[PDB]
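One structure is given below, encoded as structure tokens.
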Amino acid sequence: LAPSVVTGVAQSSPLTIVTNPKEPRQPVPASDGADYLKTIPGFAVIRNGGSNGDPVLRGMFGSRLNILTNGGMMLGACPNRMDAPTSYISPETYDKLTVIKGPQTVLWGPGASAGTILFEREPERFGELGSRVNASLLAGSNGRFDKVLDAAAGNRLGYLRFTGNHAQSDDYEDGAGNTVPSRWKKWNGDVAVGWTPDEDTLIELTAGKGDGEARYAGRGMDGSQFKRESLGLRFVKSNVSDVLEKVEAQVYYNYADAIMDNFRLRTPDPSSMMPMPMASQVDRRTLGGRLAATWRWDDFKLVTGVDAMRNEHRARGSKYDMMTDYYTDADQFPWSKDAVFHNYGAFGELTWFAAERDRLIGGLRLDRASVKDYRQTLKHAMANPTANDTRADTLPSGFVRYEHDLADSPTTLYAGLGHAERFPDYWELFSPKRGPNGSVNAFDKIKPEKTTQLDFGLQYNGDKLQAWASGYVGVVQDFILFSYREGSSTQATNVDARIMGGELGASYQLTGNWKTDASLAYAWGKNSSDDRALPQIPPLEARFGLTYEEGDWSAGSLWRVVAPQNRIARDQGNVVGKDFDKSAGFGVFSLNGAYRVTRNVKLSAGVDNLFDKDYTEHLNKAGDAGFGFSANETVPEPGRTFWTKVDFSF
Ligand SMILES: [Ag+]
Ligand SMILES: [Ag+]
């Protein structure tokens, strides 16, 4: 048995990682999706403040990543991406996290250039009439407090389950004793009812909200409200035919409604572009489906389905004026629509179990995408040449992967070619203020980026030693890249890019009591078009861990070691961030213990950043002038932080 703290997650299958978000993690997460991914090699995070980060996988940011909650997409609605998809996910509420690296599946939606990420809950198994609870409390160094409850009752015909959480922390501060603006607070509550006529069938209905706020150190506005809210329906039938093994059907709805201002969690900077009190409200309405059979016969297994998704965006803003200090809030004016996306697709994956030690797997996807611009005007107002204009395109995507187990050792090998085309997301067509040269606006001329990438690596699942390693090389056509000029404007452009990199990790049981493990993660990119390096690539990262287990208790030690990043393109990046200066390298150290008091109650505790290191991570965003930041100094990471946690389960 013997508990412990999660310092890093290894690659289990080829290209794939799974982990239980419900165990405690050593640099302890700001109960946000991004942070729960820091503990997986190859993920870096852009820091905005105390929480609500924007995750980066293998140097690839944003819509290059598929973040699926229970099966559905959940898109936020800041034009500057304050609410990333992950911003709405308290992972402790979910039951199983899973990541598939590269363009090596087509089951879970379109344009997964960089990888898919699947937050899930297993449906209850009951039988007798009964119940189960499990909960956790966390108390941490900066006013940090976290309640999480998950419970369910049911019998062998149906179940009911509620899950929720409440989390907050005050403004943390760093290694120089600077309070950094970074307060946050989050809660979520979701219910699920499920019907199991017999063990062959299952229908489940689900619903919930959350809210949250967050001061944003590197931004002119803060987030007063991130109202999330979701409906969901899913059907599952097993063993219909003898060649037909299961059929999955799924509908989902996800509403986001965010308010941002410069007066509800700060005051307006008098020397700023917004000395006025401003607020702006935005929302995103997302609707979607998925329907998919999985056939198994002879030596094969084929899953085939379709999916569609519509999503719509609206915004509205406040108004403060000349002679009087009368401020009309953005709830007084009507919503304005600016953008609708639809997407239908069809997909199939065939895997052949050749022999005992060989797996060949192919998959293809055909997607139709389309987008209508509803901005009659542009922000005090200009005319939008693209009003009510539509675009569309058809994007095929697919892959192949060969996997081979070895003669006389517990080794697998695998190589994969993947093609993935991908339509521009809301922030590629609307958030840029300029398009490519000679274009009217980014909406009209921004091409779908198409990446082609090779993936290889290996598993070693021995006894004392467990190692893994995966690499990649690829080229990206029409990569979409923001470029910055001095207000301060952006320009989106298509450019061509080479990318390579990889990650590896090992884990060695020394004695029955002493375990250790390490991990390295590298990424590297090039703008083949201007002959520059690609911007916003995380530098080389290395994590070392020692661990001692002895009956019911566990002691832990962790070194994170980060190289400098010297390949940077200045005044270029994505929608949220640009590059400017080269990263300094650093090292942070941490300890942890955990102790199992009884079956039902375990305790954990950790110090993060023992030696109170002043540092910032390269991708972190530039702090706000009015908040006491110099020109281009980036948001710093926390200093010494203590935390302790208790998990119950009955
Ligand atoms: Ag915003
Ligand atoms: Ag503003």
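Chain labels run A, B, ... following the order of the structure tokens; each chain numbers its residues from 1, and ligands are numbered from 1 in the order shown.
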* Produce as a count of residues only the set of residues near ligand 2, where near means within 8 Å with only C-alpha atoms and all ligand atoms considered. => 11
Restrict the calculation to only C-alpha atoms and all ligand atoms, then for each residue of chain A with any atom at most 12 Å from an atom of ligand 1 give the closest atom pair and their distance in Å to one decimal, rows by chain and rising residue number, as a tab-separated table.
```
residue	atom	partner	partner_atom_place_in_ligand_line	distance
A:48	CA	ligand 1	1 (Ag)	11.6
A:76	CA	ligand 1	1 (Ag)	10.4
A:77	CA	ligand 1	1 (Ag)	8.2
A:78	CA	ligand 1	1 (Ag)	4.7
A:79	CA	ligand 1	1 (Ag)	6.2
A:80	CA	ligand 1	1 (Ag)	5.5
A:81	CA	ligand 1	1 (Ag)	6.8
A:82	CA	ligand 1	1 (Ag)	5.5
A:83	CA	ligand 1	1 (Ag)	8.0
A:84	CA	ligand 1	1 (Ag)	10.8
A:213	CA	ligand 1	1 (Ag)	11.9
A:214	CA	ligand 1	1 (Ag)	11.1
A:215	CA	ligand 1	1 (Ag)	11.3
A:216	CA	ligand 1	1 (Ag)	9.7
A:218	CA	ligand 1	1 (Ag)	11.6
A:219	CA	ligand 1	1 (Ag)	8.4
A:220	CA	ligand 1	1 (Ag)	8.6
A:221	CA	ligand 1	1 (Ag)	6.4
A:222	CA	ligand 1	1 (Ag)	7.3
A:223	CA	ligand 1	1 (Ag)	7.1
A:224	CA	ligand 1	1 (Ag)	10.0
A:225	CA	ligand 1	1 (Ag)	10.5
A:226	CA	ligand 1	1 (Ag)	10.5
A:257	CA	ligand 1	1 (Ag)	11.3
A:258	CA	ligand 1	1 (Ag)	8.1
A:259	CA	ligand 1	1 (Ag)	7.6
A:260	CA	ligand 1	1 (Ag)	5.5
A:261	CA	ligand 1	1 (Ag)	7.9
A:262	CA	ligand 1	1 (Ag)	10.2
A:278	CA	ligand 1	1 (Ag)	11.2
A:279	CA	ligand 1	1 (Ag)	9.2
A:280	CA	ligand 1	1 (Ag)	7.6
A:281	CA	ligand 1	1 (Ag)	8.5
A:282	CA	ligand 1	1 (Ag)	8.5
A:283	CA	ligand 1	1 (Ag)	11.1
A:315	CA	ligand 1	1 (Ag)	10.7
A:316	CA	ligand 1	1 (Ag)	11.8
A:317	CA	ligand 1	1 (Ag)	11.2
A:431	CA	ligand 1	1 (Ag)	11.1
A:575	CA	ligand 1	1 (Ag)	11.9
A:576	CA	ligand 1	1 (Ag)	10.4
```
* Determine which residues of region 266-322 of chain A receive a DSSP assignment of strand (DSSP E or B), computed from the backbone, and state them as a VMD selection string. => chain A and resid 279 to 295 300 to 317 319 to 320
Since we have the selection now, will you write its residues out, keeping N, CA and C atoms, as a JSON list (two decimals), in the first residue's frame?
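part.json, written as the output of this step:
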```json
[["chain", "number", "residue", "atom", "x", "y", "z"],
["A", 279, "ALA", "N", -15.50, 48.19, -17.47],
["A", 279, "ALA", "CA", -15.79, 46.77, -17.36],
["A", 279, "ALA", "C", -16.23, 46.29, -18.74],
["A", 280, "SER", "N", -16.08, 44.98, -18.97],
["A", 280, "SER", "CA", -16.56, 44.38, -20.20],
["A", 280, "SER", "C", -16.98, 42.95, -19.91],
["A", 281, "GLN", "N", -18.17, 42.60, -20.36],
["A", 281, "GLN", "CA", -18.75, 41.28, -20.16],
["A", 281, "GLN", "C", -18.71, 40.54, -21.48],
["A", 282, "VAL", "N", -18.51, 39.22, -21.39],
["A", 282, "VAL", "CA", -18.37, 38.36, -22.56],
["A", 282, "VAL", "C", -18.93, 37.00, -22.21],
["A", 283, "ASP", "N", -19.42, 36.29, -23.22],
["A", 283, "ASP", "CA", -19.90, 34.94, -22.97],
["A", 283, "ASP", "C", -19.67, 34.06, -24.20],
["A", 284, "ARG", "N", -19.58, 32.75, -23.96],
["A", 284, "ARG", "CA", -19.42, 31.76, -25.02],
["A", 284, "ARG", "C", -20.39, 30.62, -24.78],
["A", 285, "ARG", "N", -21.18, 30.29, -25.81],
["A", 285, "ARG", "CA", -22.22, 29.26, -25.76],
["A", 285, "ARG", "C", -21.77, 28.12, -26.66],
["A", 286, "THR", "N", -21.56, 26.94, -26.09],
["A", 286, "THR", "CA", -20.95, 25.83, -26.80],
["A", 286, "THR", "C", -21.89, 24.64, -26.77],
["A", 287, "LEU", "N", -22.15, 24.07, -27.93],
["A", 287, "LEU", "CA", -23.09, 22.96, -28.07],
["A", 287, "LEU", "C", -22.42, 21.89, -28.91],
["A", 288, "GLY", "N", -22.60, 20.61, -28.57],
["A", 288, "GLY", "CA", -21.82, 19.60, -29.26],
["A", 288, "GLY", "C", -22.28, 18.18, -29.05],
["A", 289, "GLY", "N", -21.89, 17.33, -30.02],
["A", 289, "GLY", "CA", -22.25, 15.93, -29.99],
["A", 289, "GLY", "C", -21.13, 15.01, -30.46],
["A", 290, "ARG", "N", -21.36, 13.72, -30.25],
["A", 290, "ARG", "CA", -20.43, 12.64, -30.53],
["A", 290, "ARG", "C", -21.20, 11.32, -30.55],
["A", 291, "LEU", "N", -20.96, 10.47, -31.54],
["A", 291, "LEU", "CA", -21.71, 9.23, -31.70],
["A", 291, "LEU", "C", -20.80, 8.21, -32.37],
["A", 292, "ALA", "N", -20.60, 7.05, -31.75],
["A", 292, "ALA", "CA", -19.42, 6.26, -32.13],
["A", 292, "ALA", "C", -19.56, 4.79, -31.73],
["A", 293, "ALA", "N", -19.52, 3.90, -32.72],
["A", 293, "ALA", "CA", -19.43, 2.45, -32.49],
["A", 293, "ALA", "C", -17.98, 1.97, -32.53],
["A", 294, "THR", "N", -17.71, 0.90, -31.79],
["A", 294, "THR", "CA", -16.37, 0.32, -31.71],
["A", 294, "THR", "C", -16.52, -1.18, -31.95],
["A", 295, "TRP", "N", -16.07, -1.66, -33.11],
["A", 295, "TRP", "CA", -16.28, -3.05, -33.51],
["A", 295, "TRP", "C", -15.01, -3.87, -33.28],
["A", 300, "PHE", "N", -8.82, -7.71, -34.92],
["A", 300, "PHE", "CA", -8.93, -6.28, -35.14],
["A", 300, "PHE", "C", -9.82, -5.60, -34.12],
["A", 301, "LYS", "N", -10.08, -4.32, -34.37],
["A", 301, "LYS", "CA", -10.84, -3.43, -33.51],
["A", 301, "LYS", "C", -10.95, -2.11, -34.26],
["A", 302, "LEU", "N", -12.17, -1.73, -34.62],
["A", 302, "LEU", "CA", -12.42, -0.56, -35.43],
["A", 302, "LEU", "C", -13.46, 0.28, -34.73],
["A", 303, "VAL", "N", -13.16, 1.55, -34.53],
["A", 303, "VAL", "CA", -14.12, 2.49, -33.96],
["A", 303, "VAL", "C", -14.38, 3.57, -34.99],
["A", 304, "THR", "N", -15.64, 3.90, -35.17],
["A", 304, "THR", "CA", -16.04, 4.76, -36.27],
["A", 304, "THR", "C", -17.16, 5.64, -35.77],
["A", 305, "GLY", "N", -17.05, 6.95, -35.99],
["A", 305, "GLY", "CA", -18.13, 7.80, -35.59],
["A", 305, "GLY", "C", -18.13, 9.14, -36.29],
["A", 306, "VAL", "N", -19.05, 9.99, -35.84],
["A", 306, "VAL", "CA", -19.15, 11.36, -36.28],
["A", 306, "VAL", "C", -19.22, 12.25, -35.06],
["A", 307, "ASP", "N", -18.98, 13.54, -35.28],
["A", 307, "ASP", "CA", -19.17, 14.54, -34.24],
["A", 307, "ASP", "C", -19.42, 15.89, -34.88],
["A", 308, "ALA", "N", -20.13, 16.75, -34.15],
["A", 308, "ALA", "CA", -20.39, 18.12, -34.57],
["A", 308, "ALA", "C", -20.36, 19.03, -33.35],
["A", 309, "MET", "N", -20.17, 20.32, -33.62],
["A", 309, "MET", "CA", -20.04, 21.31, -32.55],
["A", 309, "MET", "C", -20.32, 22.70, -33.10],
["A", 310, "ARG", "N", -21.15, 23.45, -32.39],
["A", 310, "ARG", "CA", -21.42, 24.85, -32.70],
["A", 310, "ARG", "C", -21.02, 25.64, -31.47],
["A", 311, "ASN", "N", -20.49, 26.83, -31.68],
["A", 311, "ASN", "CA", -20.22, 27.67, -30.54],
["A", 311, "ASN", "C", -20.29, 29.12, -30.97],
["A", 312, "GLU", "N", -20.73, 29.97, -30.05],
["A", 312, "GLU", "CA", -21.10, 31.34, -30.37],
["A", 312, "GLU", "C", -20.61, 32.31, -29.30],
["A", 313, "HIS", "N", -20.17, 33.50, -29.71],
["A", 313, "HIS", "CA", -19.51, 34.43, -28.81],
["A", 313, "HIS", "C", -20.19, 35.79, -28.86],
["A", 314, "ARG", "N", -20.32, 36.42, -27.69],
["A", 314, "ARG", "CA", -20.92, 37.75, -27.58],
["A", 314, "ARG", "C", -20.20, 38.56, -26.51],
["A", 315, "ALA", "N", -20.24, 39.88, -26.64],
["A", 315, "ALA", "CA", -19.61, 40.76, -25.66],
["A", 315, "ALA", "C", -20.40, 42.06, -25.52],
["A", 316, "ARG", "N", -20.14, 42.78, -24.43],
["A", 316, "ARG", "CA", -20.77, 44.07, -24.17],
["A", 316, "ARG", "C", -19.98, 44.76, -23.07],
["A", 317, "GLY", "N", -19.93, 46.10, -23.14],
["A", 317, "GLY", "CA", -19.02, 46.85, -22.30],
["A", 317, "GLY", "C", -19.65, 48.08, -21.66],
["A", 319, "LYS", "N", -19.54, 52.10, -19.87],
["A", 319, "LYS", "CA", -19.42, 53.42, -20.48],
["A", 319, "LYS", "C", -19.35, 54.46, -19.37],
["A", 320, "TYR", "N", -18.20, 55.14, -19.26],
["A", 320, "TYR", "CA", -17.95, 56.26, -18.36],
["A", 320, "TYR", "C", -17.51, 57.46, -19.19]]
```
Please provide as a tab-separated table (two decimals) with N, CA and C atoms, in the first residue's frame all residues within 8 Å of residue 205 (chain A), with the sequence filter that same-chain residues fewer than 4 positions apart are discarded (counting only C-alpha atoms).
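Written output follows (out.tsv):
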```
chain	number	residue	atom	x	y	z
A	192	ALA	N	-24.97	14.57	-11.00
A	192	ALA	CA	-25.08	13.55	-12.04
A	192	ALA	C	-26.05	12.47	-11.60
A	193	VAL	N	-27.04	12.19	-12.42
A	193	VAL	CA	-27.98	11.11	-12.20
A	193	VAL	C	-27.74	10.10	-13.31
A	194	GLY	N	-27.77	8.81	-12.97
A	194	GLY	CA	-27.47	7.80	-13.95
A	194	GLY	C	-28.39	6.60	-13.84
A	231	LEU	N	-24.61	21.54	-19.25
A	231	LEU	CA	-25.49	20.39	-19.34
A	231	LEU	C	-24.79	19.27	-20.09
A	232	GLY	N	-25.27	18.04	-19.87
A	232	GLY	CA	-24.64	16.89	-20.49
A	232	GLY	C	-25.39	15.57	-20.44
A	233	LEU	N	-25.45	14.88	-21.58
A	233	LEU	CA	-26.23	13.66	-21.74
A	233	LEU	C	-25.40	12.63	-22.49
A	234	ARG	N	-25.39	11.37	-22.03
A	234	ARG	CA	-24.57	10.34	-22.67
A	234	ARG	C	-25.19	8.95	-22.54
```
* To do: Find the residue from A:208, A:334, A:505, A:551 that sits nearest to residue 522 (chain A); use only C-alpha atoms when measuring.
  =>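 The closest residue to residue 522 (chain A) is A:505.
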* To do: Name all residues at most 12 Å from residue 26 (chain A) (count only C-alpha atoms; drop same-chain ones fewer than 3 positions away) and give them as a PyMOL selection string.
  => chain A and resi 4-9+23+29-30+35-36+38-39+543+545+555-560+589-594+604-609+641-645
With N, CA and C atoms retained, write the just-selected residues as a compact mmCIF listing (two decimals), in the first residue's frame.
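What follows is the written file again.txt:
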```
# COMPACT_ATOMS: atom_id res chain seq x y z
N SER A 4 2.00 8.34 -0.80
CA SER A 4 3.05 9.30 -1.15
C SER A 4 2.45 10.44 -1.96
N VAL A 5 3.30 11.43 -2.23
CA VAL A 5 2.94 12.65 -2.94
C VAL A 5 3.42 12.54 -4.38
N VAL A 6 2.64 13.12 -5.29
CA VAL A 6 2.85 12.98 -6.72
C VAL A 6 3.78 14.10 -7.17
N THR A 7 5.03 13.74 -7.47
CA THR A 7 6.04 14.68 -7.95
C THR A 7 6.12 14.73 -9.47
N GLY A 8 5.75 13.64 -10.13
CA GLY A 8 5.69 13.58 -11.58
C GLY A 8 4.99 12.33 -12.09
N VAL A 9 4.40 12.43 -13.27
CA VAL A 9 3.65 11.33 -13.87
C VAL A 9 4.46 10.77 -15.04
N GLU A 23 -4.97 12.52 -6.11
CA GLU A 23 -3.86 12.42 -5.17
C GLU A 23 -3.13 13.76 -5.07
N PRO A 29 -1.16 22.50 -6.58
CA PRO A 29 -1.78 23.25 -7.66
C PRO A 29 -2.72 24.31 -7.13
N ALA A 30 -2.80 25.41 -7.88
CA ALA A 30 -3.82 26.42 -7.65
C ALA A 30 -5.19 25.97 -8.18
N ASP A 35 -2.25 23.82 -13.84
CA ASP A 35 -1.30 23.44 -12.81
C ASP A 35 -1.27 21.92 -12.63
N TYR A 36 -2.41 21.25 -12.80
CA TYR A 36 -2.39 19.80 -12.68
C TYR A 36 -1.60 19.13 -13.79
N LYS A 38 1.45 20.65 -14.92
CA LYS A 38 2.87 20.91 -14.68
C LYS A 38 3.62 19.64 -14.28
N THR A 39 2.96 18.71 -13.59
CA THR A 39 3.60 17.50 -13.09
C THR A 39 3.73 16.39 -14.15
N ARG A 543 13.84 17.28 -13.59
CA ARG A 543 13.27 17.06 -12.27
C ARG A 543 13.87 15.81 -11.67
N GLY A 545 13.89 13.32 -8.13
CA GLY A 545 13.17 13.05 -6.90
C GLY A 545 13.68 11.85 -6.13
N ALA A 555 8.35 9.99 3.02
CA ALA A 555 9.10 11.24 2.97
C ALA A 555 9.61 11.49 1.55
N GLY A 556 9.65 12.75 1.12
CA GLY A 556 9.90 13.05 -0.28
C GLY A 556 10.76 14.28 -0.48
N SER A 557 11.58 14.22 -1.53
CA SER A 557 12.50 15.31 -1.85
C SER A 557 12.47 15.55 -3.35
N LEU A 558 12.49 16.82 -3.77
CA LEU A 558 12.34 17.11 -5.19
C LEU A 558 13.16 18.31 -5.61
N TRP A 559 14.02 18.10 -6.61
CA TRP A 559 14.75 19.15 -7.31
C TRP A 559 14.12 19.37 -8.68
N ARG A 560 13.79 20.63 -8.98
CA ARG A 560 13.48 21.06 -10.34
C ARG A 560 14.60 21.96 -10.83
N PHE A 589 13.76 23.62 -4.85
CA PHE A 589 13.82 22.40 -4.06
C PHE A 589 12.58 22.31 -3.18
N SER A 590 12.16 21.09 -2.86
CA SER A 590 10.91 20.91 -2.13
C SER A 590 10.93 19.59 -1.38
N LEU A 591 10.14 19.53 -0.32
CA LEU A 591 9.99 18.32 0.47
C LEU A 591 8.52 18.02 0.64
N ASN A 592 8.24 16.79 1.04
CA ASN A 592 6.87 16.37 1.26
C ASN A 592 6.85 15.12 2.12
N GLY A 593 5.79 14.99 2.90
CA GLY A 593 5.48 13.74 3.54
C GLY A 593 4.00 13.42 3.41
N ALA A 594 3.68 12.15 3.62
CA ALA A 594 2.30 11.72 3.72
C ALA A 594 2.22 10.55 4.69
N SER A 604 -1.25 14.61 4.26
CA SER A 604 -0.08 15.01 3.50
C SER A 604 0.30 16.42 3.91
N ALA A 605 1.49 16.83 3.48
CA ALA A 605 2.09 18.09 3.88
C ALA A 605 3.28 18.30 2.99
N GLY A 606 3.56 19.55 2.66
CA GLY A 606 4.73 19.85 1.84
C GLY A 606 5.27 21.26 2.04
N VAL A 607 6.58 21.41 1.83
CA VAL A 607 7.18 22.72 1.59
C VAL A 607 7.50 22.82 0.11
N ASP A 608 7.14 23.95 -0.48
CA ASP A 608 7.49 24.26 -1.86
C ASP A 608 8.56 25.33 -1.82
N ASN A 609 9.60 25.17 -2.64
CA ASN A 609 10.63 26.18 -2.77
C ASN A 609 11.25 26.45 -1.40
N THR A 641 6.48 28.21 0.40
CA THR A 641 5.07 28.01 0.71
C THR A 641 4.90 26.67 1.41
N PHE A 642 4.18 26.69 2.53
CA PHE A 642 3.84 25.50 3.30
C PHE A 642 2.39 25.14 3.03
N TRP A 643 2.11 23.84 2.95
CA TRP A 643 0.73 23.39 2.79
C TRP A 643 0.55 22.04 3.47
N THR A 644 -0.67 21.79 3.94
CA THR A 644 -1.03 20.48 4.47
C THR A 644 -2.46 20.15 4.05
N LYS A 645 -2.71 18.85 3.84
CA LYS A 645 -3.92 18.36 3.20
C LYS A 645 -4.38 17.08 3.89
```
What's the 7 Å shell around region 387-402 of chain A, counting only C-alpha atoms, without same-chain residues fewer than 6 positions away, as a short mmCIF file (atom, residue, chain, number, x, y, z; two decimals) with N, CA and C atoms, in the first residue's frame?
```cif
data_model
loop_
_atom_site.label_atom_id
_atom_site.label_comp_id
_atom_site.auth_asym_id
_atom_site.auth_seq_id
_atom_site.Cartn_x
_atom_site.Cartn_y
_atom_site.Cartn_z
N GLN A 104 -1.98 11.84 -32.72
CA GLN A 104 -1.98 10.38 -32.75
C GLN A 104 -3.32 9.82 -32.29
N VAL A 106 -7.83 10.52 -33.47
CA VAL A 106 -8.85 11.29 -34.17
C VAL A 106 -10.22 11.16 -33.52
N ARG A 359 1.49 -4.08 -32.88
CA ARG A 359 0.25 -3.35 -33.01
C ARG A 359 0.44 -2.29 -34.08
N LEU A 360 -0.36 -2.38 -35.12
CA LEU A 360 -0.42 -1.36 -36.14
C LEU A 360 -1.74 -0.64 -35.96
N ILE A 361 -1.71 0.69 -35.99
CA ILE A 361 -2.90 1.49 -35.72
C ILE A 361 -2.97 2.65 -36.70
N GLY A 362 -4.05 2.73 -37.45
CA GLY A 362 -4.23 3.90 -38.27
C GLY A 362 -5.52 4.62 -37.96
N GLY A 363 -5.60 5.90 -38.33
CA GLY A 363 -6.83 6.64 -38.11
C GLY A 363 -6.94 7.82 -39.04
N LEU A 364 -8.17 8.12 -39.44
CA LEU A 364 -8.42 9.23 -40.33
C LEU A 364 -9.63 10.00 -39.85
N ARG A 365 -9.65 11.27 -40.20
CA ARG A 365 -10.70 12.17 -39.77
C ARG A 365 -10.95 13.14 -40.90
N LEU A 366 -12.23 13.40 -41.19
CA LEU A 366 -12.59 14.41 -42.18
C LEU A 366 -13.52 15.42 -41.53
N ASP A 367 -13.13 16.69 -41.55
CA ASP A 367 -13.74 17.75 -40.75
C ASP A 367 -14.18 18.87 -41.67
N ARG A 368 -15.39 19.40 -41.47
CA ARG A 368 -15.77 20.64 -42.12
C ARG A 368 -15.93 21.72 -41.07
N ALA A 369 -15.26 22.83 -41.29
CA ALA A 369 -15.26 23.96 -40.38
C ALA A 369 -15.83 25.17 -41.09
N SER A 370 -16.32 26.13 -40.32
CA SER A 370 -16.93 27.31 -40.92
C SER A 370 -17.18 28.34 -39.83
N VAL A 371 -17.23 29.60 -40.24
CA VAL A 371 -17.26 30.69 -39.28
C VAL A 371 -17.92 31.90 -39.92
N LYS A 372 -18.85 32.50 -39.20
CA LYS A 372 -19.51 33.73 -39.60
C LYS A 372 -19.06 34.83 -38.64
N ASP A 373 -18.63 35.96 -39.21
CA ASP A 373 -18.31 37.19 -38.49
C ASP A 373 -19.60 37.98 -38.28
N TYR A 374 -19.98 38.24 -37.03
CA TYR A 374 -21.16 39.05 -36.79
C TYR A 374 -20.86 40.48 -36.30
N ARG A 375 -19.60 40.92 -36.34
CA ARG A 375 -19.25 42.27 -35.88
C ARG A 375 -19.70 43.28 -36.92
N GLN A 376 -20.82 43.97 -36.65
CA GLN A 376 -21.24 45.04 -37.56
C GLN A 376 -20.27 46.20 -37.55
N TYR A 414 8.06 2.20 -30.56
CA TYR A 414 6.96 2.70 -31.38
C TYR A 414 7.42 3.90 -32.19
N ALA A 415 6.91 4.00 -33.41
CA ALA A 415 7.08 5.17 -34.25
C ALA A 415 5.74 5.50 -34.90
N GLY A 416 5.54 6.79 -35.19
CA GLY A 416 4.27 7.28 -35.70
C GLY A 416 4.40 8.50 -36.60
N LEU A 417 3.67 8.48 -37.71
CA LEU A 417 3.51 9.64 -38.57
C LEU A 417 2.10 10.16 -38.38
N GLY A 418 1.98 11.45 -38.20
CA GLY A 418 0.68 12.07 -38.05
C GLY A 418 0.56 13.30 -38.91
N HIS A 419 -0.59 13.42 -39.55
CA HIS A 419 -0.97 14.65 -40.20
C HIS A 419 -2.18 15.25 -39.51
N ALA A 420 -2.14 16.56 -39.28
CA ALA A 420 -3.30 17.18 -38.66
C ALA A 420 -3.46 18.60 -39.20
N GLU A 421 -4.61 18.87 -39.81
CA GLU A 421 -4.98 20.21 -40.24
C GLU A 421 -5.93 20.79 -39.20
N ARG A 422 -5.97 22.12 -39.11
CA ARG A 422 -6.72 22.70 -38.00
C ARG A 422 -7.17 24.11 -38.36
#
```
* What is the distance, in Å and to one decimal place, between CA of residue 507 (chain A) and CA of residue 549 (chain A)? ->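 Spanning CA of residue 507 (chain A) to CA of residue 549 (chain A) is a straight-line distance of 14.6 Å.
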Counting only C-alpha atoms, which residues in region 362-421 of chain A sit no more than 7 Å from region 459-463 of chain A? For each one, give the nearest pair of atoms and the distance in Å, sorted by chain then residue number, as CSV.
```
residue,atom,partner,partner_atom,distance
A:410,CA,A:461,CA,5.4
A:411,CA,A:460,CA,4.7
A:412,CA,A:459,CA,5.1
A:413,CA,A:459,CA,6.8
```
* Spatial neighbours of residue 204 (chain A), 12 Å, only C-alpha atoms, chain gap at least 6 places, as a list in words ->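 So, after excluding close chain neighbours, the residues are residues 70, 121, 122, 123, 124, 157, 158, 159, 160, 161, 191, 192, 193, 194, 195, 196, 197, 231, 232, 233, 234, 235, 236, 237, 248, 249, 250, 251 and 252 of chain A.
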* Which one is closest to residue 130 (chain A): A:18, A:151, A:610, A:454? Count only C-alpha atoms. -> A:151
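Using only C-alpha atoms, the smallest distance between any of A:296, A:621, A:166, A:357 and residue 187 (chain A) comes from A:166.
When the distance limit is 10 Å and only C-alpha atoms are what count, the residues near residue 525 (chain A), minus those fewer than 6 positions from it on the same chain, are residues 58, 59, 60, 473, 474, 475, 497, 498, 499, 500, 501, 532, 533, 534, 535, 536, 537, 567 and 568 of chain A.
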* Asked: Which of these residues is nearest to residue 519 (chain A), using only C-alpha atoms: A:175, A:345, A:154, A:502?
  -> A:502
